[PDB]
There are 8 protein chains.
Amino acid sequence: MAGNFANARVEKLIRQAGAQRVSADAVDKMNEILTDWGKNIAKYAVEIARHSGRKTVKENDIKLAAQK
Amino acid sequence: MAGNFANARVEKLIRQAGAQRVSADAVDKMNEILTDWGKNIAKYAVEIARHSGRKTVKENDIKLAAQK
Amino acid sequence: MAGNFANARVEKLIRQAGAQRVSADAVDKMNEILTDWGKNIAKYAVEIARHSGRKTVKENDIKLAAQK
Amino acid sequence: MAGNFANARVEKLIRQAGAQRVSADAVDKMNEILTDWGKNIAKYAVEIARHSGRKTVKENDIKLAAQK
Amino acid sequence: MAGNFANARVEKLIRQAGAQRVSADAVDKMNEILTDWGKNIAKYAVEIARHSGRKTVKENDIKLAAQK
Amino acid sequence: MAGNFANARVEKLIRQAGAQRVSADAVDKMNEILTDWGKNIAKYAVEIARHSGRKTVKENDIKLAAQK
Amino acid sequence: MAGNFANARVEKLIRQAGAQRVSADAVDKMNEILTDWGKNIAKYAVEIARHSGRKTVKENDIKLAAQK
Amino acid sequence: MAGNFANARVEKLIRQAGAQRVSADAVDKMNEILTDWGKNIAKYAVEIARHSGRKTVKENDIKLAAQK
DNA sequence: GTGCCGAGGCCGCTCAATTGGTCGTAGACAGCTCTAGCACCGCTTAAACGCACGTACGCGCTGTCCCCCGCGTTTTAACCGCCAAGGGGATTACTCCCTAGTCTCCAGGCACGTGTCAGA
DNA sequence: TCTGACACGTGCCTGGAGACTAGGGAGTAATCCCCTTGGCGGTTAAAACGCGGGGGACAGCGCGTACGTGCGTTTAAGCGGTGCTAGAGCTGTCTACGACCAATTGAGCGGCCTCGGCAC
């Protein structure tokens, strides 16, 4: 519920940033920080989609929500 | 390289934010925006870890890099 | 509290940047903008130092906080 | 020219941000980082003042240059 | 809304930079990167024009906003 | 050669940024500033594509070139 | 330390340039110039490698960065 | 080769710049690049010194030859 | 308010990667002992702040004319489709040639004793 | 011409740069076959320029803000030195990540329907 993404994908991201070693707690904390920040953008994008008069969230509503 | 996470996971997050329908272009854009922002936090967490004299990125380095 | 630096020092900076004349209201606004931006870098450098396990803010912590 | 502000004023700023102890090399580095960022805002505020048709830098200008 | 310029125009620019072949995905990403950077210069040029006391954005307002 | 894009499209961009009136000399200067900054990104994306050993410029080459 | 090469080798280079005497100040300035020009090439060498797919920055990567 | 930096110290420079693996050919080319730029600076630095009516090469001379 | 077609929802398979277990051993934390370098208090001088007078610049008022907005016709191109091919990609073998542990050596690096060598 | 501050050369103590000899990670040619770009042709759409009306931007004089100079008072910042707190370096214990391996969860990809999104 706190980490929505797969741990192996969040770990690959921290290793491509240059991390020589990555603690499983750091993978769990990065998963939580990506999930929380993603839920915030998606919640605001859903309100932009409905203000625009549509049920579907589309690329422009994610792009505009991220620029807030 | 552009979208690090699995699309069905990023889609589940947008549907739990309340979306009634989700365009595949919104799933791809959210995957890119999460990847870019996650790489920014991870790259700075790695410089904090190496400054604390450690090779391992740990929970505290991710927490501190996100509050920047 | 709003302008931490001496006004004659902030005025000397705006005059060395090329200003032919400097209004007292521009010296006070620059003093506030330097105080606010300096407090933001120092507050994160103190958290960068306490994470490293030290009480003393050193050149490396200010350098790392300014690159955030 | 390297550090424009008074060292005891830059140190008081780092101590009000919460630092328990401050290294003299951190006071000099903060003085350099404030001087460099202050010269960037003053140099662009002087070009805004001159574009507006005036010799005097005024509060308005420093406000517009800082938001760049 | 994401790509303001004509695709055949963005593509001619990439082919004049020396590209032997250009992916349609690269034309649409270049169009988005030019549109976002152009909107940022124009938004700040509009604030420079209004600070100068005018409604009309002129050559000097675009030139000053780009040097920021 | 100095302005690659259509003037009516560069003008639409400055009007969508909030401009109440836009001078023809500002449309031409914005067209030149977008063309020059666009040629710089495209020249570096062509070199990234050729280092990677491919004649085709692709989305990842434009994305990596713009982040420089 | 600002020098990547050993001070004695920066001094030996100044002597090969015809200087009958080289000040300790000239040795430190030479070390800094070689450090700056070195890092500015190494960064581009790392980019050439990562772009070609290879993890090893080979001889081509150095020659290509020195002209880039 | 005929380099000024020590071979394993030109190598340490490339690795310290971020190299994951360094080809022993690039160690040699880096040493050549540092040697060539070194001589090209020393010759001009020696001329500027002899012009100023001094014999001991000083920081000022190298600082000016590098800024040219 | 009405018609049409984008393009997402829903479904079923399977294979590809994720999560879980257990082993090895690299690394991170705690503890001792010493040195680095900071906080405190003190002196005295630098230079900051605040007048008071002067006068340069700025902000208005307003009246010319610059030059942009609206409206419009023309035709120059950008978008699209269909058809052809070249290219880039994934899957493979073989052979580079760097990482690695182990090693000897050249010459890097700091101190001691002298005259250099830059100035009014 | 007239001339006195403080850095430099040569030796000793010391180490990290140079160099294997070998293992095997990853670099880079082969090839086969989908992806997807180039290419040619048609056509409407939307970009350019042209005229007319008039909104607002640029210049000129007046008046009055308010910044510059010069000066005095004094409150700070700076530099020394004391003296003691905390950070660094070495070392040892032990914790927890990298690694290989299993196996089954669940993500991706068509293929078929029809809800709602886009223009008139």
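Counting neighbours? That spans all protein chains shown, and the Cβs are built from the backbone with ideal geometry, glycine included. The numbers here are math on the coordinates, done by the rules we state, and not lab data.
Observations, loosely collected:
- Meets criteria (facing chain B (nearest Cβ under 7 Å), more than 8 Å from DNA strand J (Cβ to nearest atom) and on the phi < 0 side of the Ramachandran plot) for A:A42: yes
- Residue satisfying all of: in region H:16-39; small (G, A, S) and more than 23 Å from H:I62 (Cβ to Cβ); farthest from the other protein chains (Cβ to nearest Cβ) among these: H:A24
- Residue match in region F:15-23 (condition: under 13 Å from the mean Cα position of the chain (by Cα), free of Cβ contacts under 8 Å to residues at least 60 places away in the same chain and surrounded by fewer than 20 Cβ atoms within 10 Å (Cβ to Cβ)): no
- When the residues of region A:53-68 are filtered to those that are surrounded by 13 or more Cβ atoms within 10 Å (Cβ to Cβ) and of a type in the set (S, T, N, Q), the one that is farthest from B:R9 (Cα to Cα) is A:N60.
Residue-by-condition table, conditions (1) more than 11 Å from DNA strand I (Cβ to nearest atom); (2) of a type in the set (S, T, Y); (3) within 12 Å of the chain's Cα centre (by Cα); (4) in a helix (DSSP H, G or I):
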residue	(1), (2), (3), (4)
G:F5	no, no, yes, no
G:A8	no, no, no, yes
G:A26	no, no, no, yes
G:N31	no, no, yes, yes
G:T35	yes, yes, yes, yes
G:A42	yes, no, yes, yes
G:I48	yes, no, no, yes
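- Odd one out for F:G53 among (1) more than 9 Å from chain E (Cβ to nearest Cβ); (2) assigned to a loop (DSSP other than H, G, I, E, B); (3) more than 8 Å from DNA strand I (Cβ to nearest atom): (3)
- In summary, H:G18 fulfils each of the numbered conditions (1) away from DNA strand J (no atom under 14 Å from the Cβ); (2) within 19 Å of G:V27 (Cβ to Cβ) with the single exception of condition (2).
- In the condition set (1) crowded, with 19+ Cβ neighbours inside 10 Å; (2) of a type outside the set (D, E); (3) more than 10 Å from DNA strand J (Cβ to nearest atom); (4) within 30 Å of C:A49 (Cα to Cα), D:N31 is compliant with all but (3).
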